[PDB]
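Participant: Protein chains in written order, with my numbering: chain Z, 118 to 246; chain E, 118 to 246; chain D, 62 to 526; chain S, 1115 to 1581; chain R, 13 to 240; chain F, 3 to 121; chain A, 32 to 149. Note that CB positions come from ideal geometry on N, CA and C, so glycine has one too.
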Amino acid sequence: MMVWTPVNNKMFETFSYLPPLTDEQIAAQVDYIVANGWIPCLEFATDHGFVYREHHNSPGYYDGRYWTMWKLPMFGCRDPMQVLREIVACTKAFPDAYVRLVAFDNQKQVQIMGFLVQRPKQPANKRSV
Amino acid sequence: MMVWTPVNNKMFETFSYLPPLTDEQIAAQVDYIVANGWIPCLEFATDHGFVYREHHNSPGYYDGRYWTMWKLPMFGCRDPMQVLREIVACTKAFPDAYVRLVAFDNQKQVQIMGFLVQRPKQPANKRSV
Amino acid sequence: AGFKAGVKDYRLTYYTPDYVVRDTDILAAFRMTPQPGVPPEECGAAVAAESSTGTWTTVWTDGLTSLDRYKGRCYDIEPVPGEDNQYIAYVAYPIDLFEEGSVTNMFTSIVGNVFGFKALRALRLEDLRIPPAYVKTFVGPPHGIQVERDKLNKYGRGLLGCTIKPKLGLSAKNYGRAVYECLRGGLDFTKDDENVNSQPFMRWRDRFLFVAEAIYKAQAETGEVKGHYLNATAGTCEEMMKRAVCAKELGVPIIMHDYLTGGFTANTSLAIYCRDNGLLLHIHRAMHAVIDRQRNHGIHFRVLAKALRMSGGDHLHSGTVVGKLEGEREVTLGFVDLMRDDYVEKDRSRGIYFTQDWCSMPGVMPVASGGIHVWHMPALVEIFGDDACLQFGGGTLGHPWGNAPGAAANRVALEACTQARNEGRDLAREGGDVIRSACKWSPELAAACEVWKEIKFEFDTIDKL
Amino acid sequence: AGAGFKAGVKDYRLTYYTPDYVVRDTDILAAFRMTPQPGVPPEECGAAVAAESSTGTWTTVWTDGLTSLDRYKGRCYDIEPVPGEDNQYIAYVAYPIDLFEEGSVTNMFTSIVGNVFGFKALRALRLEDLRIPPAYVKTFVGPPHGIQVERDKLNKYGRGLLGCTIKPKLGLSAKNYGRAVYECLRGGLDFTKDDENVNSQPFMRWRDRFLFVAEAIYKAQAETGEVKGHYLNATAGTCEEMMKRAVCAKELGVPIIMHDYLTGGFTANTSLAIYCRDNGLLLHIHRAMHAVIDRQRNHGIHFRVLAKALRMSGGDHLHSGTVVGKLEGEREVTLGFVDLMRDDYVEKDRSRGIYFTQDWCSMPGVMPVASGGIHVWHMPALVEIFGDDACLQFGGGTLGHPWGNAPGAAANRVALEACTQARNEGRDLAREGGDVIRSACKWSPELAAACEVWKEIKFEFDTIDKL
Amino acid sequence: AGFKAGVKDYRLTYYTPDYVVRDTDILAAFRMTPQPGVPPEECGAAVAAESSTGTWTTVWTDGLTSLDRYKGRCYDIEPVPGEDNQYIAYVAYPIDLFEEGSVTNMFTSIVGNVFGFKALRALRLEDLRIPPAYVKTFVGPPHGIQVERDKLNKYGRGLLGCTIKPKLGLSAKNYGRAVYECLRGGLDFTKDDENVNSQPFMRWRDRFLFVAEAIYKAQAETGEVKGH
Amino acid sequence: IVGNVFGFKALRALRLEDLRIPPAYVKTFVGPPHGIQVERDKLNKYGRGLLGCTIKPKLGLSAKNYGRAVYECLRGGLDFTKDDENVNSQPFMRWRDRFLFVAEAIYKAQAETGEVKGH
Amino acid sequence: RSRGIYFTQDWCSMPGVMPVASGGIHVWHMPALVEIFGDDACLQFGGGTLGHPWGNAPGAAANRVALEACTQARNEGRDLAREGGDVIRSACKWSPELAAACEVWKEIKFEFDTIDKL
Ligand SMILES: O=C(O)[C@@](O)(COP(=O)(O)O)[C@H](O)[C@H](O)COP(=O)(O)O
Ligand SMILES: O=C(O)[C@@](O)(COP(=O)(O)O)[C@H](O)[C@H](O)COP(=O)(O)O
Ligand SMILES: O=C(O)[C@@](O)(COP(=O)(O)O)[C@H](O)[C@H](O)COP(=O)(O)O
Ligand SMILES: [Mg+2]
Ligand SMILES: [Mg+2]
Ligand SMILES: [Mg+2]
Ligand SMILES: [Mg+2]
């Protein structure tokens, strides 16, 4: 029996229970966005990277859901290289921030994918003891 | 495309989106007060320089709106030099405080202008990245 | 044309095979099994008559009104392929017949008395065409898929849930203890079992408070939004509302309701409460198989699903296909489109008898639950895609290491499958390989994989097309 | 080496089949007619139904050890094969009273009929009966009034009550509805009613109908000198709308309202029954949708269980079928659940479909309502089957009379009164019924007219819901 | 097609003369008078744009949603017979644009801002097509003609009414006095003048009570239902 | 004053240009809930015009996108954002969802800038 | 009468209402707006913010810079009716966000014959 550690084991939604994504894996997710015609966008956080409740308490209200948008969603962009270059530009301008890559579907009008690409400076196997 | 930075880019109402005011520019604002017959006054803060909500949460309630008044509003004062001298005296007594110059109109009974003259120890061009 | 007392055939008024249906008509498809010597046309006419305006003998009051305007009309009768005594009768109902915003009224008319007629041996309502002009009279789901994802801040994968077990018998404190361990390991939601309401072993308000503590602790530990579907199902509307109000006071994101055992009147009330108070509403379909399992008699689940969408719910159980409860693949794919999509075309190979236009009514999130475990994960992601919630009760609380490792196993499995899909792997073919790789990598998943390796649910399907 | 936690699947029968269990006087007992898939042992099937309707799931869970499964588990304690069926069994399941929420029919159904009917391992399931123990019965408010109090309120004794549904079902205006109601009530009927699906519609809004029906009830009452009513339909889309309707009926001072308990649902129904108790309204229950659930012999829930549930949830009247009319209902089956609806104590009797002795511990009886394709010639059979404590409803049978509603109503009332007199005089209605009606025809021109129109009309078809 | 900042003509997005209107669309007929040099097509598109989704310059947020699904569409422009500068512009609006049951919301969209546009000299909304799917979201009239005749028990002729005069200035007691005399001579109804609300010369509740006395007196005297 | 007279057959056109509301009538009205001075005092904003902005497109954005747009507007220097006049409650965006997301946005932009924000 | 006021109007201390100037305005209009309305007004930029080539935050900053520059200029005694163009141009040279907005909308004016004349 292994015990799932409660010590510092914060997660970041989709893909955080997998090994950290390699450059080849990130590029494959980008291809997926492009193949589906979804709008890629980057968002970053320089403060709290987690949901919390400071200003209000009612059902469905949370602070820390919105992050700061990097530039604008890349409308019309069908070029995986362009997306990969914006990830580099964003992480270069904000080397200490949480950064995530998201994609929008304008038909359903909803974010259709998302995953963390940078956190400020538990390993995949030190999660149990 | 430049990104407007969310880090640490706190503002202070009127004129904070301009380059910091020179001594000549401050003097020009003081002449404006005197030319209009308004009542100059100085206020300072040695703690939180920003609006917040600690004690209550209802619409139009905020803590941190009131600062501490320096002496008294300078009723009847038509001398720009005297105003300029009080700015120096105030900043001298509280070199680590936020300090602001305000003016009052007693006909409308409202503050009719105000801007920061000192903050405790982003530059105008490092606001985008 | 005067009043003539006496009995005459229903078909003289209620069989109209030349009728051109109107875009505002409610349409029904009934699978009908007549008694010997009852002509199918007379049968269809009888169903149409007795679900709208007619009774067994001529009444003089008809002439005070316009029967042409108000009558239900059997407008088409197809024989069923490979059955000597089964027909599909199509019936059109004028929109005037129905109370605006009342699923209760709709059911009362269309399925009220006709199923008990001596002249038929069996009857099954297979589908309903709800026209946009009727659809617009319903408040509908309190939130719907998109707004739900936006509230929880969860994107790009299926949601993960889990029912606390044993179904009944745990104390309030133990319930919360179980919930915290589940949520902290990687599940988005846990839930009250459908029959957990308020009982001697555990009173509802005690449960709500302990569950709330557990939600907020797991949320602070993981940094992800968490919820638990607190059961509002109750004996009276007043009690139901008390439970919803207490959930709201606690600030939790989601409650649940058993729409068929609680009923449509109570459900619609609760959905409206939820819309007004920002609570998400999870719908459990307890009792549906009493009505929808048999091919010859009852109401097909797709109609009960359409009715739930109108009455209101954010989630609705949809079956798993591969788990312990029945649900054939093509049938399930058909009603899942009916639950989620805005526009669904006629497609008899998936059980869709009518083109259904939902006119921007929010979609309901399907919930796959019941006897599923980590090995089913690729098949589930393949069937449902991302816009679904997958629930693992026994599959979490039955893990040899406890709830947190159990939850982690399911989350790893789902994330692995999602990644593989996005990379272009074919889950239908390569699914076993995805799971096996993830086993090699994650000890929690490996342990779950070993326990349930043999376990399958493969039986002859009853509710065949 | 005490029993520890062992992860994995094992047979349900190891925990949930207990053929030596002695049932407790507080247990809820279920009788399931069960059709297993080939290769599934009946014991494993019964245990599955018991498990998955109480405490168990598909694999062993560690949390069991924190509580006492022995105390809480449902138990399949007996399995009988069904005579003349190769693959059907009656499985008996006992449920501890601790499993159920007090006063909630909703909760009871959720457990007992919640998920088990959809299990892959069975081909068909039917709940045939429930034994509700007195200790659970006492937790329910039950019917707002019940038969005795109802007769006492209406001042009506010594015969069946007579009703009638307004027709056409849908399409009449509020004013015309009232017009029809007045003519029916003045002719001799005690009650008229909204059709089950008459709620509030474009052709007729509910509040307009309630006001016109109120005018009609009072006019017919002043004209005849007998208490009159009309079951105004409270069925609605929301509880709030339902309550608005009930409240307006109360403000009007009318004696009775109605509710479709299955399409409205148990939660709404129980709320309405509580309201009715607190405000002195009688509550008529329409059973719309029941035949979706209860028509087939192999699968669903027998109406006798839906009737027991309605008694607990609350209703003064409940439709029971007619036996001889346009809708199905076999005689012996109907006689059994009519006893379950009305009586205080009903003994086990398999020849009438009663699987369990049922003790109602003084909960008020519900008045059975016979309705659906009946006419004057059926009267002797109806009086014979139901006796006095029943309500007989003639929709088409009144509004289809060649001379209009008031003559229609009189024909029905004369027929019922003739039959009642004959029975009291010692005549056997099963044998002499035709003669009683024929004599009354000779005497009453309104009756004669009805007798001619419907002389030929019978509903005789092969029964689906056979014992 | 990406985000391109700047102003472009409305007619590139909002003039669609080949659009087949849907049975659920709200349709408007606008009588339109453009300023000189403004093409009717650009005018009709402006009307459609600024009463639905568009503003004066291109915004990036359009791409987050589907403009095709939500935009108002000018789908037809007829010239008006015997007018050099008047047109009927037909605009179709998707049903998604409107709040259910709210006439306030419908007016706010359709007639909210467009009447004040510099580019037009005059504008008149002539007609609306309210589709059944929108109509059904409204409670509508409390009773309507038929139910009204049924409540009052009045059939087979026009109803007769009368406004009390002078419009303003009568006391509550005199109002009732006047009302009784009118109703008893054969009128079905009397009425408050539109501007009679509650005022110094006559407070509303005093008027309601005296008018009630009058209605019931005239009703008992004549045998016919009376109202005010 | 404007009830019936504009429809009189005897005139071809009529326009009400001005009204003199006497003080004795004015005093019978509650009037504005706050007015300019009290507003400035509540927001703590003096010495310049206030800056606002309507979210666009007018209709068609979801509640989450509305708040996203509002946060980005307010954090850059505007005092206010606003619902468009015809944004009430619609299939593409229900009002209460909007109110909650906009609230999150207002408070985030306020904490980031240090100036009172509204929408 | 030259401003359309037919009657002397006495509000007897009823609070005043803040005028809101909104509809098809952008950074180049700022001097004219500040000149017409003074400080007690709210100026609204819909398209003028969400139509900025760099997105909402830069768009908002551009408007805020413009308004602040104009306010400073006025307080220093500059005549906005005459010198307004110059105030904006100077601010463009200084703020990249403003410069970008200035370029996009430089040409854009709304000049038509007035219907509601005195
Ligand atoms: O009571 C149960 O068995 C479950 O909690 C699943 O438990 P497990 O995950 O442990 O199997 C669900 O409520 C049923 O699946 C509902 O059925 P459906 O989804 O068919 O409506
Ligand atoms: O709507 C009808 O068909 C009735 O008014 C009968 O009409 P008639 O009197 O004209 O036949 C009853 O509601 C049905 O009998 C209900 O069936 P049950 O009593 O079996 O539940
Ligand atoms: O809906 C619009 O068009 C606006 O939001 C402006 O948008 P833009 O800033 O993008 O142009 C305003 O509501 C109009 O100014 C109203 O006009 P007015 O103030 O004259 O009544
Ligand atoms: Mg369950
Ligand atoms: Mg009926
Ligand atoms: Mg008038
Ligand atoms: Mg606007």
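Measure from the alpha carbon of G124(R) to the alpha carbon of each residue in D30(R), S63(R), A57(R), then state which is nearest.
Facilitator: Here residue 124(R) corresponds to residue number 112 of the fifth sequence, with the count starting at 1. That would be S63(R), whose Cα lies nearest to the Cα of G124(R).
Participant: What is the residue span of the beta strand (DSSP E) that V216(E) lies within?
Facilitator: The residue labelled residue 216(E) in the question sits at position 99 within the second sequence. Start and end: 215-222.
Participant: For chain S, check one thing: does any of its Cβ atoms lie closer than 9 angstroms to the Cβ of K166(R)?
Facilitator: Reading the fifth sequence from its first residue, position 154 is the one you call residue 166(R). False, the Cβ-Cβ gap to chain S never drops below 9 angstroms.
Participant: Looking only at its chain, what residues have a beta carbon closer than 6 angstroms to the beta carbon of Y215(E), apart from the 5 residues adjacent to it on each side?
Facilitator: Position 98 of the second sequence, counted from the start, is the residue given in the question as residue 215(E). Contacts found: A162, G166, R236.
Participant: For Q147(D), which residues in chain Z fall below 7 angstroms Cβ to Cβ?
Facilitator: Position 86 of the third sequence, counting from 1, holds the residue named residue 147(D). Simply none; closest approach about 39 angstroms.
Participant: For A91(A) and chain F, any beta-carbon pair shorter than 9 angstroms?
Facilitator: Residue numbering aside, residue 91(A) sits at position 60 when the seventh sequence is read from its first letter. Yes, contact with chain F.
Participant: Kindly say whether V237(R), judged by its beta-carbon, lies nearer than 9 angstroms to any beta-carbon of chain S.
Facilitator: As a position in the fifth sequence, residue 237(R) is number 225, starting the count at 1. Closer than 9 angstroms: no.
Participant: At what residues does the alpha helix (DSSP H) containing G1343(S) begin and finish?
Facilitator: For the purposes of this step, residue 1343(S) is taken as the residue at position 229 of the fourth sequence. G1343(S) -> not in any alpha helix (DSSP H); beta strand (DSSP E) instead, spanning 1343-1347.
Participant: Comparing the C-beta of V208(D) with each C-beta of chain F, is any distance below 9 angstroms?
Facilitator: By one-based count along the third sequence, residue 208(D) stands at place 147. Cβ-Cβ to chain F under 9 angstroms: yes for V208(D).
Participant: Would you say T185(E) faces chain F, with C-beta separation under 9 angstroms as the test?
Facilitator: The residue you call residue 185(E) lines up with position 68 of the second sequence. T185(E) does not count as touching chain F.
Participant: Does any CB atom of chain A fall closer than 9 angstroms to the CB of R43(R)?
Facilitator: Working through the fifth sequence from its first residue, we reach residue 43(R) at position 31. So, not an interface residue.
Participant: Hey, how far is the Cα of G1487(S) from the Cα of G1509(S)?
Facilitator: On the fourth sequence, position 373 is the one that residue 1487(S) refers to. On the fourth sequence, position 395 is the one that residue 1509(S) refers to. C-alpha separation (whole angstroms): 8 angstroms.
Participant: Pull up the CB-CB distance for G1179(S) and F1119(S), whole angstroms please, since I reckon it's below 8 angstroms.
Facilitator: Position 65 of the fourth sequence, counted from the first residue, corresponds to residue 1179(S). Position 5 of the fourth sequence, counted from the first residue, corresponds to residue 1119(S). With 8 angstroms as the limit, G1179(S) and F1119(S) qualify as a contact, their Cβ atoms being about 6 angstroms apart.
Participant: How is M167(D) classed by DSSP in three states: helix, strand or coil?
Facilitator: Counted from its first residue, the third sequence places residue 167(D) at position 106. Of the three classes helix, strand and coil, the one that applies to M167(D) here is helix, per DSSP.
Participant: Within this structure, are the beta carbons of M1403(S) and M1477(S) separated by less than 9 angstroms?
Facilitator: The sequence position of residue 1403(S) within the fourth sequence is 289, counting from 1. The sequence position of residue 1477(S) within the fourth sequence is 363, counting from 1. In this structure, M1477(S) does not lie closer than 9 angstroms to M1403(S) by Cβ.
Participant: What do you reckon, is the C-beta of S232(D) under 8 angstroms from a heavy atom of ligand 7?
Facilitator: As a working mapping, residue 232(D) is identified with position 171 in the third sequence. Result no, Cβ not under 8 angstroms from ligand 7.
Participant: Between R195(E) and chain Z, is the shortest Cβ-Cβ distance under 9 angstroms, so that the two count as touching?
Facilitator: Within the second sequence, numbered from 1, the residue matching residue 195(E) stands at position 78. With 9 angstroms as the cut-off, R195(E) does not count as an interface residue toward chain Z.
Participant: From the DSSP output, which residues share a beta bridge with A1205(S)?
Facilitator: The count along the fourth sequence starts at 1 and reaches residue 1205(S) at position 91. In DSSP, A1205(S) forms a bridge with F1146(S), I1193(S).
Participant: Among residues of its own chain, excluding the 5 on either side of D200(R), which ones have a beta-carbon nearer than 8 angstroms to its beta-carbon?
Facilitator: One-based indexing of the fifth sequence puts residue 200(R) at position 188. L164, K166, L171, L172, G173, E236, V237, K238, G239, listed in sequence order.
Participant: For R170(Z), report the span of its alpha helix (DSSP H) as first-last.
Facilitator: Along the first sequence, read from residue 1 onward, the residue named residue 170(Z) stands at position 53. Unbroken run through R170(Z): none, as it is neither H nor E.
Participant: Out of curiosity, what's the CA-to-CA distance linking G1518(S) and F1326(S)?
Facilitator: Here residue 1518(S) refers to the residue found at position 404 when the fourth sequence is read from its first residue. Here residue 1326(S) refers to the residue found at position 212 when the fourth sequence is read from its first residue. If I take the Cα positions, the gap works out to 19 angstroms.
Participant: Across which residues does DSSP place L159(Z) in a beta bridge pair?
Facilitator: Taking the first residue of the first sequence as position 1, residue 159(Z) is located at position 42. Paired residue(s): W187(Z), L218(Z).
Participant: State buried or exposed for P1155(S), treating a residue as buried only when at least 16 other CB atoms are found within 10 Å of its CB.
Facilitator: As a position in the fourth sequence, residue 1155(S) is number 41, starting the count at 1. Exposed is the call here.
Participant: Distance, Cα to Cα, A210(E) vs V234(Z)?
Facilitator: Sequence index remark: in the second sequence, residue 210(E) carries index 93 (1-based). Sequence index remark: in the first sequence, residue 234(Z) carries index 117 (1-based). Cα to Cα, the separation comes out at about 49 angstroms.
Participant: Sorted by chain position, which residues of the same chain lie with C-beta nearer than 8 angstroms to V120(Z)'s C-beta, five sequence neighbours on each side aside?
Facilitator: Your numbering for residue 120(Z) matches position 3 in the first sequence. Answer for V120(Z): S245, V246, listed in chain order.
Participant: Step through the CB atoms of chain D and report whether any lies within less than 9 angstroms of the CB of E112(R).
Facilitator: Your numbering for residue 112(R) matches position 100 in the fifth sequence. Yes, its Cβ sits closer than 9 angstroms to a Cβ of chain D.
Participant: Terminal residues of the continuous beta strand (DSSP E) containing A1238(S)?
Facilitator: On the fourth sequence, residue 1238(S) is found 124 positions in, with the first residue counted as 1. Segment 1236-1245, the beta strand (DSSP E) holding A1238(S).
Participant: Based on the DSSP output, what are the partners of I146(A) in its beta bridges?
Facilitator: Start at 1 with the first residue of the seventh sequence, and residue 146(A) comes out as number 115. None, per the DSSP bridge assignment.
Participant: For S379(D), is the beta carbon positioned less than 8 angstroms from some heavy atom of ligand 1?
Facilitator: Locating residue 379(D) in the third sequence gives position 318, counting from the first residue. At least one heavy atom of ligand 1 is nearer than 8 angstroms to the Cβ of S379(D), so yes.
Participant: Against chain S, which members of the region 408-429 of chain D pass a CB distance test of less than 8 angstroms?
Facilitator: From the region 408-429 of chain D, no residue has a Cβ closer than 8 angstroms to chain S.
Participant: Closest Cβ-Cβ distance between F1223(S) and chain D: below 9 angstroms?
Facilitator: Here residue 1223(S) corresponds to residue number 109 of the fourth sequence, with the count starting at 1. It does; some Cβ of chain D falls within 9 angstroms.
Participant: Mind checking which residues open and close the alpha helix (DSSP H) that includes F222(R)?
Facilitator: Residue mapping note: residue 222(R) aligns to position 210 of the fifth sequence, counting from 1. Residues 216-234.
Participant: Please list, in chain order, all residues of the same chain as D145(D) whose beta carbon is under 6 angstroms from its beta carbon, the five residues on each side excluded.
Facilitator: If you number the third sequence from 1, residue 145(D) lands on position 84. Counting only Cβ-Cβ distances below 6 angstroms, and skipping sequence neighbours, we find nothing.
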